[PDB]
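K.L.:
Below is one structure. I have some questions about it.
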Amino acid sequence: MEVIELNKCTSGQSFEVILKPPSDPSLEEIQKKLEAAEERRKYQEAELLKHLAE
Amino acid sequence: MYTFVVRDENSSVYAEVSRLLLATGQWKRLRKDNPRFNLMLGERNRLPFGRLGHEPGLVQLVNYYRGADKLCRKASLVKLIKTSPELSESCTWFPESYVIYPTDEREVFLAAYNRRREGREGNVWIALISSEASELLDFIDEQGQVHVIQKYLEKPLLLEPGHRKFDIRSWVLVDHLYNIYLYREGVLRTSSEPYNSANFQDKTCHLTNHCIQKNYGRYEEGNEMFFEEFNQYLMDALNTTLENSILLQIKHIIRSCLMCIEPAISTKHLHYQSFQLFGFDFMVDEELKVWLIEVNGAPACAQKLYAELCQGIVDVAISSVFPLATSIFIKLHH
Amino acid sequence: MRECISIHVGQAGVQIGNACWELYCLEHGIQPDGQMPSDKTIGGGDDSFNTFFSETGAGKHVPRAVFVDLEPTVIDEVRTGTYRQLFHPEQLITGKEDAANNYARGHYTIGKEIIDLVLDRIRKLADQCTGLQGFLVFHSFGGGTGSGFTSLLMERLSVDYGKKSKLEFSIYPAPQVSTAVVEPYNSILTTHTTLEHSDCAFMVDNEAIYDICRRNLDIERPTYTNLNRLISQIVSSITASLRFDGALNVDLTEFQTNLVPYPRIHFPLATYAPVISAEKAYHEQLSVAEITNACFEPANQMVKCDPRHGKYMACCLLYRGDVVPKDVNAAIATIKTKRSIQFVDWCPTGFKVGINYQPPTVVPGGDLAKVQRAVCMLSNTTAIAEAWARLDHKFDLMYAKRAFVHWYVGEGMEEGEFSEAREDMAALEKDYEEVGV
Amino acid sequence: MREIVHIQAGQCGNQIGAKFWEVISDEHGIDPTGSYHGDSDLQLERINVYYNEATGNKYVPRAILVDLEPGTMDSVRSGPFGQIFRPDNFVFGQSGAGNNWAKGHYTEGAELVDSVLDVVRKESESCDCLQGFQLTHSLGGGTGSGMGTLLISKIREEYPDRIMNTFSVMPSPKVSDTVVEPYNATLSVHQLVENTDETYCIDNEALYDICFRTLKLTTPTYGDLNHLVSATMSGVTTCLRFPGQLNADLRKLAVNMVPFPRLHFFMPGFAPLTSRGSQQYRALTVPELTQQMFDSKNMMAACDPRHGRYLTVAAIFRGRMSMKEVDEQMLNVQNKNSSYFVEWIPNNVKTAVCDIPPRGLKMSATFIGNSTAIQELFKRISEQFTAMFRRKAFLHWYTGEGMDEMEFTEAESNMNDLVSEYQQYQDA
Ligand SMILES: Nc1nc2c(ncn2[C@@H]2O[C@H](COP(=O)(O)OP(=O)(O)OP(=O)(O)O)[C@@H](O)[C@H]2O)c(=O)[nH]1
Ligand SMILES: Nc1nc2c(ncn2[C@@H]2O[C@H](COP(=O)(O)OP(=O)(O)O)[C@@H](O)[C@H]2O)c(=O)[nH]1
Ligand SMILES: COc1ccc(N(C)c2cc(=O)oc3ccccc23)cc1N
Ligand SMILES: [Ca+2]
Ligand SMILES: [Mg+2]
Ligand SMILES: [Mg+2]
């Protein structure tokens with residue numbers, strides 16, 4: 001029922017209507033994870049290349 | 001070929017329903033967990049309603065209404081009657097009831113208990129049955145569960161011969177369009193022991209359900225009087241019909257309960273559809289007034305009626321949505 | 001005035017971006033060449049629209065926008081299309097090979113190699129800003145780039161602009177228009193990694209939009225173009241308060257304050273009405289009561305779910321067109337008596353309302369009819385967790401057999417990240433349960 | 001990922017390979033001389049995938065033609081589209097491989113392989129972003145099988161981050177040149193399981209049966225077999241060659257089709273099934289296309305799809321038709337036969353549409369299935385292998401080139417491991 005914070009301008013209006021009351025990783029750690037993943041890729045590749053060498 | 005899945009194993013009604021669906025040879029049963037079903041016959045608890053109606057090329061239908069537990073739990077029924085304008089505290093056909101915790105309306109309960117003390121009328125309440133409040137409040141805290149205290153019906157209608165208590169079970173089917181269908185066959189679940197006003201150190205004399213009886217089987221097969229006989233009795237003993245004295249009130253209560261929650265549970269504009277079979281339990285007092293005891297969300301039927309009721313479920317809840325290649329229901333109109 | 005930078009990542013992010021900026025130009029009267037005849041301060045200014053558009057000495061109005069895709073063909077269409085003159089070439093960033101529908105490829109392999117260049121181009125827009133308030137990020141959950149590159153970008157934006165707000169527009173995957181069988185993997189992976197880094201995220205389920213286009217626009221087989229014109233109407237409703245004079249949702253901070261009291265539960269449900277086909281010969285215009293009532297029908301939501309069986313934490317109504325407060329309040333009073341609207345115990349039961357008198361702009365020759373009034377409701381309801389439940393179940397089905405996991409492991413991702421992402425989702429589903437039942 | 005390098009090895013490889021280029025050249029409006037003469041712009045948009053712009057507005061499809069004998073490659077050069085191939089891309093020895101996998105892989109082929117890799121390198125160096133490779137070969141001979149799989153191994157060493165795709169023709173006693181085919185095929189499968197990302201199993205048994213039972217050809221030739229192959233090959237590469245919603249490539253095919261790296265052997269299918277020259281005048285309804293593409297009689301690998309489960313399926317519809325009806329029909333197949341699609345890969349069936357029909361049809365459907373029923377193909381080859389191997393029959397052709405028995409034992413066990421891996425997912 002109660003209407004508060006009525007604001008009006010040329011563009012339109014805004015208001016609030018109440019019906020009832022109540023009641024990060026660093027640049028370092030990122031670079032580590034991205035380089036760790038590259039190292040797993042390089043390793044898996046080196047293991048393939050050694051298998052192909054055999 | 002319509003498809004269906006079965007996720008409740010303990011369900012006699014739906015075991016029979018699936019059995020009937022297969023017997024048409026137009027319904028395939030799939031594995032428990034195959035998403036590509038037309039019909040779900042769901043589990044009793046934590047049914048995943050959130051996963052229904054997101055399958056392209058499948059109209060999906062479930063045999064439960066999400067939110068219908070509000071009616072079908074002891075505690076939440078009292079809350080629903082008290083707080084809904086449609087029903088109210090003023091409500092004439094539901095016994096005086098209060099919700100009590102073992103950790104709530106304890107203070108408001110025993111305030112009306114003193115109206116039964118001061119202007120002393122019948123002061124016997126069910127929780128299990130006592131005359132004394134302080135013995136009830138101990139029994140709740142000692143078991144550690146949420147339960148309801150309700151005014152116990154001290155002047156029930158008593159069947160002769162036998163001086164016996166009984167409850168009425170009514171089966172109601174609510175389809176996907178929210179048509180309310182009352183199965184024309186009810187059942188009375190009788191006591192076989194004579195009723196005893198001065199003794200609540202009792203069990204079989206006071207409690208009416210088919211299990212806490214198995215004097216058993218004396219007057220009628222397995223404490224089960226059907227509607228033709230109970231009507232005949234009411235004519236012979238009391239000069240009235242079941243229709244007039246009881247069923248008008250039953251139809252009123254059923255319609256009132258289900259219309260009340262219709263906005264909260266209706267699947268009308270929803271991406272999946274629901275039906276549900278309910279079991280309404282009624283008490284009848286000596287002046288032929290009907291009182292609602294409980295609503296059961298997952299009821300079993302009575303042996304004689306399984307065939308007819310389960311066929312009705314297929315015809316009106318299932319085949320209405322999924323057509324295959326007299327009516328046993330009374331439609332409660334609104 | 002405080003600037004906002006838009007970031008469009010991957011095919012979905014880019015094509016939705018095209019649609020949104022097309023619409024923004026039409027709304028503000030900015031031409032394809034970037035001229036704005038109504039803008040009397042030539043070469044600068046701090047009007048509300050300047051939040052989204054910078055200005056050159058020649059009076060070219062240029063979006064504060066970066067487009068990034070790991071492959072060139074989608075952004076190449078921006079480069080050569082109707083709006084090619086609008087965007088500076090340096091704002092349009094492409095690799096040569098995509099993430100192949102693989103989060104691990106978008107995040108670890110190909111991402112590691114383009115991230116610094118994207119952040120440098122983002123830095124160039126930030127330096128042009130007097131008071132950058134932060135970021136609007138458009139992407140799919142399901143694409144390898146949309147999922148993989150976005151989550152890395154988000155992590156980095158938190159590092160370089162720790163004080164800035166970040167909002168998401170996120171396309172949730174639907175089998176009717178999906179591109180990949182692994183979209184559920186990509187969705188869970190990106191949601192886990194992005195969760196701490198996003199302040200408010202608007203999810204759009206392609207299933208809801210697809211069905212709205214079929215049902216209300218009578219389009220038999222909606223294309224991305226049909227979907228995106230609709231999405232861009234909803235985004236424009238959401239962002240209008242940043243771009244026009246008003247007193248509601250005027251900065252990015254206000255979105256979190258008004259819509260997100262619990263930081264993890266930051267996914268408001270959008271509901272939009274009315275959607276009316278431009279080919280409908282006879283249409284009876286809908287009233288404030290009818291459009292507002294339609295905000296409570298599942299069929300009009302951006303995600304199909306059922307708010308009657310959850311609780312609300314917040315609710316904004318954003319109207320465009322011939323709408324006055326008194327008709328809003330009368331509509332609300334009636335709706336309250338007919339509908340299950342339940343708020344959480346610790347929040348006021350209420351509505352923040354914003355009205356802009358300009359009716360929605362439609363794309364000339366597009367699918368949407370001009371209407372006299374429209375509304376977008378933003379509600380933080382627990383019911384949206386139904387979407388997480390669906391997605392998590394699909395994830396579990398594949399992951400129990402480790403189907404396709406080798407494609408991710410093969411990119412350097414550890415298998416352990418899958419169960420970590422999935423545990424976080426398990427915790428999120430739990431959070432919604434605590435608040436909502 | 002844009003450019004594909006195509007390789008064709010040995011007699012079978014070069015004969016299906018030449019047909020593939022004929023068919024797709026026609027579809028893209030390219031003529032025997034490499035001049036474009038089409039009307040639609042869909043024809044040129046992704047022509048870079050196979051064809052390559054040359055001097056004076058010409059097109060040189062990245063294709064390398066390999067054999068240990070000159071015979072078939074002379075036949076390609078004088079065949080209908082023979083002039084289109086880059087002359088330097090003809091790489092041939094003189095001595096042949098005598099239907100012997102050991103000659104192709106270890107002795108005769110080892111001598112020629114470096115010359116092929118030089119041509120491969122030259123083509124890769126022109127590529128903006130090479131997606132990878134497609135190889136056409138049979139598994140029953142010596143050059144396509146032995147030297148083909150040698151090439152694959154060497155290509156993987158030098159380009160380990162590119163996709164390897166094969167069209168691999170499986171031998172059948174019904175259409176058979178020598179008794180040693182099961183040896184050659186088992187040795188080859190061992191290689192394919194390790195070094196390809198995607199392999200189309202083109203079964204000569206199935207092609208024969210389609211020609212005989214369905215197309216009513218009493219005496220199928222290789223040319224009739226190849227008519228089916230080139231149509232399937234055109235079909236399966238549709239989404240690589242034509243712009244659509246998908247913008248598919250070889251890696252995205254692999255990611256979406258292959259849940260476990262070894263299970264990458266696809267059963268392809270085509271509808272409507274047509275013979276050479278003789279073609280019927282009524283187009284199919286979308287329901288009829290959908291029904292026929294999923295029919296076991298339209299599959300190019302002689303396996304019963306009902307004897308297993310589909311892990312994944314890609315379906316391509318070509319021609320002007322209702323996309324709504326395509327979606328409805330495709331959804332209908334799954335919903336009606338749901339038990340044959342694994343329930344633990346949600347939405348494992350994907351459909352794509354292209355407006356441009358293949359030559360001489362208004363409507364077509366192409367099917368790519370990853371089915372566990374493919375195990376029947378490998379079991380068949382395994383039974384034929386063991387029937388000879390248990391008596392070491394015909395082994396001296398291979399030990400004479402320096403191979404040991406152990407190598408046959410290892411290849412057999414790996415192919416039997418592959419079979420039981422399919423059985424695993426068929427039940428789980
Ligand atoms: N609504 C909408 N969804 C889209 C559009 N384009 C793609 N999608 C959806 O986005 C998901 C696929 O991701 P894309 O954004 O295409 O992939 P990407 O981010 O470019 O990643 P890769 O191509 O895998 O590197 C699917 O769920 C699509 O249905 C679009 O224009 N509009
Ligand atoms: N489908 C098809 N199969 C062929 C063709 N030519 C040979 N084959 C089969 O290929 C196998 C023999 O290999 P082939 O390619 O002639 O030997 P290579 O030249 O040493 O590779 C046998 O299984 C033949 O049935 C052909 O043109 N088409
Ligand atoms: C099982 O889900 C899929 C299977 C394949 C694809 N893609 C990437 C295709 C690539 C291709 O080259 O050919 C196709 C033909 C038809 C449909 C898809 C493809 C995608 C998905 N989701
Ligand atoms: Ca200005
Ligand atoms: Mg992409
Ligand atoms: Mg030969």
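Order determines the names: the first chain of the structure tokens is A, the second B, and so forth; residues in each chain are numbered 1 upward, and ligands are numbered 1 upward as they are shown.
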Give the residue list for ligand 5 at 6 Å, counting only C-alpha atoms and all ligand atoms, as a list in words, sorted by chain and then by residue number.
P.N.:
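The residues within 6 Å of ligand 5, counting only C-alpha atoms and all ligand atoms, are residues 10, 11 and 98 of chain C.
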K.L.:
Would you list which chain D residues are within 10 Å of chain A using only C-alpha atoms, as a list in words?
P.N.:
residues 153, 154, 156, 157, 158, 160 and 161 of chain D
K.L.:
Would you kindly return, as a compact mmCIF listing (two decimals) with N, CA, C and O atoms, in the first residue's frame, each protein, DNA or RNA residue with an atom no farther than 12 Å from any atom of residue A:7, considering only C-alpha atoms and excluding same-chain residues fewer than 5 positions away?
P.N.:
```txt
# COMPACT_ATOMS: atom_id res chain seq x y z
N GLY A 12 10.37 10.09 -17.47
CA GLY A 12 9.59 9.12 -16.71
C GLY A 12 9.68 9.28 -15.21
O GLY A 12 10.13 10.31 -14.70
N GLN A 13 9.27 8.24 -14.49
CA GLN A 13 9.21 8.25 -13.04
C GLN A 13 9.68 6.93 -12.49
O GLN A 13 9.54 5.91 -13.15
N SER A 14 10.15 6.97 -11.25
CA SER A 14 10.45 5.78 -10.49
C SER A 14 9.96 5.95 -9.08
O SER A 14 9.83 7.07 -8.60
N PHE A 15 9.69 4.82 -8.42
CA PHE A 15 9.18 4.79 -7.06
C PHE A 15 9.30 3.36 -6.54
O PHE A 15 9.70 2.43 -7.27
N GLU A 16 8.97 3.19 -5.26
CA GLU A 16 8.97 1.89 -4.60
C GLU A 16 7.61 1.72 -3.94
O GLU A 16 7.04 2.69 -3.44
N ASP C 245 17.73 9.28 -18.48
CA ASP C 245 17.52 10.01 -17.21
C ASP C 245 16.60 9.18 -16.31
O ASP C 245 15.60 8.63 -16.77
N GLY C 246 16.94 9.04 -15.04
CA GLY C 246 16.07 8.32 -14.11
C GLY C 246 16.66 8.28 -12.73
O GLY C 246 17.71 8.87 -12.48
N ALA C 247 15.98 7.58 -11.82
CA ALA C 247 16.42 7.51 -10.43
C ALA C 247 16.49 6.07 -9.89
O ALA C 247 16.83 5.88 -8.72
N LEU C 248 16.18 5.09 -10.75
CA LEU C 248 16.29 3.66 -10.40
C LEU C 248 17.37 2.92 -11.25
O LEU C 248 17.40 3.08 -12.47
N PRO C 325 2.24 5.72 -12.28
CA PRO C 325 2.33 4.94 -11.05
C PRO C 325 1.01 4.36 -10.55
O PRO C 325 0.97 3.22 -10.10
N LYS C 352 10.28 -2.35 -6.62
CA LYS C 352 10.90 -1.12 -7.10
C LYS C 352 10.46 -0.95 -8.53
O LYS C 352 10.54 -1.90 -9.32
N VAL C 353 9.96 0.23 -8.88
CA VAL C 353 9.34 0.45 -10.18
C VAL C 353 10.09 1.55 -10.89
O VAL C 353 10.41 2.57 -10.29
N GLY C 354 10.36 1.35 -12.18
CA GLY C 354 10.93 2.39 -13.03
C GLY C 354 10.08 2.49 -14.27
O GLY C 354 9.65 1.47 -14.82
N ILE C 355 9.80 3.72 -14.69
CA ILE C 355 9.00 3.96 -15.89
C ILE C 355 9.78 4.90 -16.78
O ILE C 355 10.20 5.96 -16.34
N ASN C 356 9.93 4.51 -18.05
CA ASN C 356 10.35 5.42 -19.08
C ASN C 356 9.21 5.59 -20.07
O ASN C 356 8.71 4.58 -20.60
```
K.L.:
Go ahead and compute the interatomic distance for atom CA of residue D:344 and atom CA of residue C:412, in Å to one decimal.
P.N.:
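If I compute the distance from atom CA of residue D:344 to atom CA of residue C:412, I get 24.8 Å.
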K.L.:
Mind checking which residues fall within 12 Å of residue C:21, counting only C-alpha atoms, ignoring those fewer than 4 positions away in the same chain, and posting them as a PyMOL selection string?
P.N.:
chain C and resi 6-8+14-17+25-32+34+52-53+61-67+78+82-84+86-87+228-229+231-233+235-236+239+363
K.L.:
Write out, as a compact mmCIF listing (two decimals), in the first residue's frame, the residues just selected, with N, CA and C atoms.
P.N.:
```
# COMPACT_ATOMS: atom_id res chain seq x y z
N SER C 6 31.01 -2.61 -22.57
CA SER C 6 30.41 -3.89 -22.95
C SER C 6 31.45 -4.84 -23.56
N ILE C 7 31.45 -6.08 -23.08
CA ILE C 7 32.34 -7.11 -23.61
C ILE C 7 31.53 -8.29 -24.17
N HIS C 8 31.71 -8.57 -25.45
CA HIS C 8 30.97 -9.63 -26.15
C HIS C 8 31.92 -10.78 -26.54
N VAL C 14 28.81 -12.15 -29.30
CA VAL C 14 28.96 -11.23 -30.44
C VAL C 14 27.64 -10.94 -31.15
N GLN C 15 26.87 -11.98 -31.50
CA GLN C 15 25.66 -11.78 -32.30
C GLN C 15 24.57 -11.08 -31.48
N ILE C 16 24.46 -11.42 -30.20
CA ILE C 16 23.58 -10.69 -29.28
C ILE C 16 24.02 -9.23 -29.17
N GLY C 17 25.34 -9.02 -29.06
CA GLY C 17 25.95 -7.69 -29.09
C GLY C 17 25.55 -6.87 -30.29
N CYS C 25 21.34 2.19 -31.01
CA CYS C 25 21.43 3.26 -32.01
C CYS C 25 20.04 3.79 -32.37
N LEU C 26 19.10 2.87 -32.59
CA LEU C 26 17.74 3.24 -32.93
C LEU C 26 17.05 4.02 -31.81
N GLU C 27 17.30 3.62 -30.57
CA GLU C 27 16.72 4.25 -29.40
C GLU C 27 17.24 5.67 -29.17
N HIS C 28 18.54 5.86 -29.35
CA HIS C 28 19.18 7.15 -29.12
C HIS C 28 19.25 8.03 -30.39
N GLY C 29 18.73 7.52 -31.51
CA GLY C 29 18.80 8.21 -32.81
C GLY C 29 20.21 8.37 -33.38
N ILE C 30 21.07 7.38 -33.12
CA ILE C 30 22.42 7.29 -33.68
C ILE C 30 22.36 6.48 -34.97
N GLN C 31 22.88 7.06 -36.05
CA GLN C 31 22.91 6.44 -37.38
C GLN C 31 24.05 5.41 -37.51
N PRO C 32 23.99 4.51 -38.53
CA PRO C 32 25.03 3.50 -38.77
C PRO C 32 26.46 4.05 -38.90
N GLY C 34 27.48 6.58 -37.15
CA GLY C 34 27.82 7.10 -35.82
C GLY C 34 27.42 8.54 -35.54
N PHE C 52 27.46 4.67 -22.61
CA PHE C 52 27.60 3.57 -23.59
C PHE C 52 28.30 4.00 -24.87
N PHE C 53 28.34 5.32 -25.12
CA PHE C 53 28.91 5.89 -26.33
C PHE C 53 29.89 7.00 -26.03
N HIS C 61 29.62 8.89 -32.79
CA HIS C 61 29.32 8.26 -31.49
C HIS C 61 29.72 6.80 -31.52
N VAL C 62 30.72 6.45 -30.72
CA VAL C 62 31.29 5.10 -30.75
C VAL C 62 31.02 4.28 -29.48
N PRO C 63 30.46 3.06 -29.64
CA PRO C 63 30.20 2.19 -28.51
C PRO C 63 31.42 1.94 -27.65
N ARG C 64 31.23 1.92 -26.33
CA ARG C 64 32.26 1.48 -25.39
C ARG C 64 32.14 -0.04 -25.33
N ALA C 65 32.63 -0.66 -26.41
CA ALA C 65 32.41 -2.08 -26.68
C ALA C 65 33.68 -2.77 -27.16
N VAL C 66 33.94 -3.96 -26.64
CA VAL C 66 34.93 -4.87 -27.22
C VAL C 66 34.26 -6.19 -27.63
N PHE C 67 34.52 -6.61 -28.87
CA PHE C 67 34.08 -7.90 -29.39
C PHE C 67 35.30 -8.83 -29.48
N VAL C 78 30.47 -8.44 -38.49
CA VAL C 78 30.37 -7.09 -37.87
C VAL C 78 31.26 -6.12 -38.66
N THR C 82 26.17 -3.65 -41.75
CA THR C 82 25.50 -2.34 -41.65
C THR C 82 26.18 -1.34 -40.68
N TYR C 83 26.71 -1.87 -39.58
CA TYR C 83 27.25 -1.06 -38.49
C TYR C 83 28.79 -1.06 -38.42
N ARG C 84 29.43 -1.36 -39.55
CA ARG C 84 30.90 -1.42 -39.63
C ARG C 84 31.64 -0.13 -39.27
N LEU C 86 30.65 2.14 -37.16
CA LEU C 86 30.39 2.46 -35.75
C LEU C 86 31.56 2.10 -34.86
N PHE C 87 32.14 0.92 -35.09
CA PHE C 87 33.19 0.35 -34.25
C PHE C 87 34.57 0.59 -34.83
N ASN C 228 17.74 -13.28 -31.14
CA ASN C 228 18.57 -12.18 -30.66
C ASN C 228 17.84 -10.84 -30.65
N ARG C 229 16.91 -10.62 -31.60
CA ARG C 229 16.10 -9.38 -31.60
C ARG C 229 15.25 -9.36 -30.33
N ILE C 231 16.02 -11.07 -27.44
CA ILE C 231 16.97 -10.92 -26.32
C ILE C 231 17.39 -9.45 -26.20
N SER C 232 17.61 -8.79 -27.34
CA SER C 232 18.11 -7.42 -27.30
C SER C 232 17.07 -6.45 -26.74
N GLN C 233 15.79 -6.72 -26.99
CA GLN C 233 14.70 -6.01 -26.30
C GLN C 233 14.74 -6.16 -24.81
N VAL C 235 17.48 -7.05 -22.97
CA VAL C 235 18.71 -6.39 -22.50
C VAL C 235 18.53 -4.87 -22.46
N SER C 236 17.92 -4.32 -23.51
CA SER C 236 17.69 -2.88 -23.59
C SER C 236 16.79 -2.39 -22.45
N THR C 239 19.09 -2.32 -19.38
CA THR C 239 20.14 -1.30 -19.39
C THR C 239 19.59 0.13 -19.57
N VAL C 363 12.97 -2.94 -34.24
CA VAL C 363 13.77 -3.00 -35.43
C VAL C 363 12.82 -2.98 -36.63
```
K.L.:
Residues up to 10 Å from ligand 3, counting only C-alpha atoms and all ligand atoms: could you list those as a VMD selection string?
P.N.:
(chain C and resid 100 to 101 175 177 to 183) or (chain D and resid 235 to 241 246 to 259 310 to 317 345 to 354 366 to 370)
K.L.:
Counting only C-alpha atoms, a student should be able to say which residues of chain C come within 9 Å of chain D; what is the right answer, written as a PyMOL selection string?
P.N.:
chain C and resi 71+96-102+175-176+178-182+220-221+223-224+394-407
K.L.:
Using C-alpha atoms, can you write the selected residues to a file as a PDB file, in the first residue's frame?
P.N.:
```
ATOM      1  CA  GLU C  71      37.748 -17.549 -34.703  1.00  0.00           C
ATOM      2  CA  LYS C  96      42.347 -17.833 -36.234  1.00  0.00           C
ATOM      3  CA  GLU C  97      41.027 -21.009 -34.527  1.00  0.00           C
ATOM      4  CA  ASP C  98      38.140 -21.491 -32.120  1.00  0.00           C
ATOM      5  CA  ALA C  99      37.873 -23.401 -28.855  1.00  0.00           C
ATOM      6  CA  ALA C 100      36.261 -26.347 -30.656  1.00  0.00           C
ATOM      7  CA  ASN C 101      33.348 -26.343 -28.170  1.00  0.00           C
ATOM      8  CA  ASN C 102      35.838 -27.106 -25.393  1.00  0.00           C
ATOM      9  CA  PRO C 175      18.927 -28.825 -27.119  1.00  0.00           C
ATOM     10  CA  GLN C 176      16.565 -27.158 -29.696  1.00  0.00           C
ATOM     11  CA  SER C 178      22.507 -26.331 -29.245  1.00  0.00           C
ATOM     12  CA  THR C 179      25.781 -26.701 -31.086  1.00  0.00           C
ATOM     13  CA  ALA C 180      27.598 -29.223 -28.860  1.00  0.00           C
ATOM     14  CA  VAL C 181      26.903 -32.321 -26.857  1.00  0.00           C
ATOM     15  CA  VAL C 182      29.314 -31.110 -24.118  1.00  0.00           C
ATOM     16  CA  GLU C 220       7.898 -22.103 -36.889  1.00  0.00           C
ATOM     17  CA  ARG C 221      11.679 -22.515 -36.761  1.00  0.00           C
ATOM     18  CA  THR C 223      16.774 -18.628 -36.085  1.00  0.00           C
ATOM     19  CA  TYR C 224      19.490 -16.921 -34.032  1.00  0.00           C
ATOM     20  CA  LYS C 394      22.829 -33.618 -17.385  1.00  0.00           C
ATOM     21  CA  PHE C 395      26.447 -33.062 -16.178  1.00  0.00           C
ATOM     22  CA  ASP C 396      26.153 -36.037 -13.776  1.00  0.00           C
ATOM     23  CA  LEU C 397      24.817 -38.365 -16.437  1.00  0.00           C
ATOM     24  CA  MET C 398      27.908 -37.866 -18.707  1.00  0.00           C
ATOM     25  CA  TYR C 399      30.478 -37.489 -15.923  1.00  0.00           C
ATOM     26  CA  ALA C 400      29.542 -40.764 -14.186  1.00  0.00           C
ATOM     27  CA  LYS C 401      31.079 -42.483 -17.275  1.00  0.00           C
ATOM     28  CA  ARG C 402      33.685 -39.777 -17.860  1.00  0.00           C
ATOM     29  CA  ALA C 403      32.245 -39.446 -21.377  1.00  0.00           C
ATOM     30  CA  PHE C 404      34.249 -36.788 -23.309  1.00  0.00           C
ATOM     31  CA  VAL C 405      36.485 -35.897 -20.280  1.00  0.00           C
ATOM     32  CA  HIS C 406      39.638 -36.835 -22.324  1.00  0.00           C
ATOM     33  CA  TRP C 407      39.131 -33.869 -24.601  1.00  0.00           C
TER      34      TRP C 407
END
```
K.L.:
Select the residues contacting ligand 2 at a distance of at most 6 Å, based on only C-alpha atoms and all ligand atoms, then format the selection as JSON, numbers by chain.
P.N.:
{"D": [10, 11, 12, 13, 15, 16, 97, 99, 138, 140, 141, 142, 143, 144, 145, 171, 175, 176, 177, 204, 222, 225, 226]}
K.L.:
Given a cut-off of 9 Å, what residues near ligand 4 show up using only C-alpha atoms and all ligand atoms, put as number ranges by chain?
P.N.:
C: 36, 39-47, 50, 54-55, 59, 61
K.L.:
Keeping C-alpha atoms, export the residues of the selection given above as a JSON list (two decimals), in the first residue's frame.
P.N.:
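What landed in out-v6.json:
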```
[["chain", "number", "residue", "atom", "x", "y", "z"],
["C", 36, "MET", "CA", 23.70, 11.74, -33.67],
["C", 39, "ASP", "CA", 23.37, 15.63, -29.73],
["C", 40, "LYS", "CA", 24.11, 19.37, -29.48],
["C", 41, "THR", "CA", 27.43, 19.07, -27.57],
["C", 42, "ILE", "CA", 29.67, 18.11, -30.54],
["C", 43, "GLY", "CA", 32.75, 16.07, -29.62],
["C", 44, "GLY", "CA", 32.04, 15.36, -25.94],
["C", 45, "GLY", "CA", 29.56, 15.49, -23.09],
["C", 46, "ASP", "CA", 28.26, 13.70, -20.04],
["C", 47, "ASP", "CA", 24.66, 12.85, -20.94],
["C", 50, "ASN", "CA", 27.53, 8.73, -22.97],
["C", 54, "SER", "CA", 32.06, 7.98, -26.58],
["C", 55, "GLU", "CA", 32.36, 10.86, -29.05],
["C", 59, "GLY", "CA", 30.76, 13.84, -33.81],
["C", 61, "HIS", "CA", 29.32, 8.26, -31.49]]
```
K.L.:
From a backbone DSSP assignment, name each residue in chain A labelled strand (DSSP E or B), as a list in words.
P.N.:
residues 2, 3, 4, 5, 6, 7, 8, 9, 12, 13, 14, 15, 16, 17, 18, 19 and 20 of chain A
K.L.:
Measuring between only C-alpha atoms, which one of A:18, A:30, A:36, A:1 shows the shortest distance to chain C?
P.N.:
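The answer is A:18, which sits nearest to chain C.
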K.L.:
Using only C-alpha atoms, I'd like a table of the residues in chain B that come within 9 Å of chain D; for each, show the closest atom pair and its distance in Å rounded to one decimal, ordered by chain and ascending number, as a Markdown table.
P.N.:
```
| residue | atom | partner | partner_atom | distance |
| --- | --- | --- | --- | --- |
| B:1 | CA | D:336 | CA | 7.2 |
| B:2 | CA | D:336 | CA | 8.4 |
| B:3 | CA | D:335 | CA | 8.4 |
| B:30 | CA | D:339 | CA | 7.8 |
| B:31 | CA | D:339 | CA | 8.5 |
| B:33 | CA | D:343 | CA | 8.0 |
| B:34 | CA | D:343 | CA | 6.2 |
| B:35 | CA | D:343 | CA | 7.8 |
| B:36 | CA | D:335 | CA | 5.9 |
| B:37 | CA | D:335 | CA | 7.8 |
| B:56 | CA | D:331 | CA | 7.4 |
| B:57 | CA | D:331 | CA | 6.1 |
| B:58 | CA | D:335 | CA | 8.0 |
```
